[PDB]
């Protein structure tokens, strides 16, 4: 699995801040917009993009506060991410798109799709955010951890002061062992502890056990939309998975319209790090029939 990031930087100024993005591929078709989550960046898509770039433009932003994007002193609520990503999409001039989304990038992608359904020609997703109605429905191995993250004292200690999301959660949620070179790519945006705010706010925004109520309602709304939308969907899943275990992937194959599921083999949360070549090749193969 490749460890390099051979993509030239592109920047756009949005809402007073610079956002970095990958932009490769032809300009005369429907671009594929790749949205990472917590605590990652466009680096997560590095081995997937090369499968798609031959046929389609690939745009992969670093969310505000993350990657090579600027790091204003925000609360980094989901709503902040929504504002910045909405502005990003317009600034690069995207009209119709295909989404490829994961984790908080999936909450952003599904929320944008619900609001702009005519502009979304397909959605490839994996390990995506839907409501977790009770703590029992959160994976047991991660329950204590995320309960502690969702506090103003211990959670800030662990995530901001000690870098637990980068040094702990990230490698624990890839089956194969991340190398030190890969870890240094993930560490780079967050070398200064104070810049770790988004990494703490994100788990505090997850729609778990009814809290926070605004996120639960928003995520329920996009999931209602997704369940009724005829848009083509491609869902990757792994064993044992984290947010989307095998039996839940199978349920989604039945309960989402026009959905194809792809078993990637071993995987936890960051499926892109366990089997990028199958994820990329399957996205590439699935794109042509979306055109018409």
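Positions refer to the first chain, counted from 1.
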*Mind pulling up the entry and telling me whether 220-228 or 62-70 has the higher mean Cα temperature factor?*
220-228
*Mean C-alpha B-factor comparison - 161-169 and 137-145, higher one*: 137-145
_Top Cα B factor in the deposited entry, candidates 99, 85, 91, 199_ = 91
*Residue with highest C-alpha B-factor in the PDB entry, from 123, 108, 154, 129*: 154
*Name the third of the chain's ranked CA B-factors that contains residue 79, choosing lowest, middle or highest.*
highest
*Lowest, middle or highest third: where is residue 39 by C-alpha B factor in its chain?*
lowest
_Lowest, middle or highest third - CA B-factor, residue 289_ = middle
*Could you tell me which third, lowest, middle or highest, the C-alpha B-factor of residue 25 occupies within its chain?*
highest
_CA B-factor ranking of residue 47, expressed as a third of its chain_ = lowest
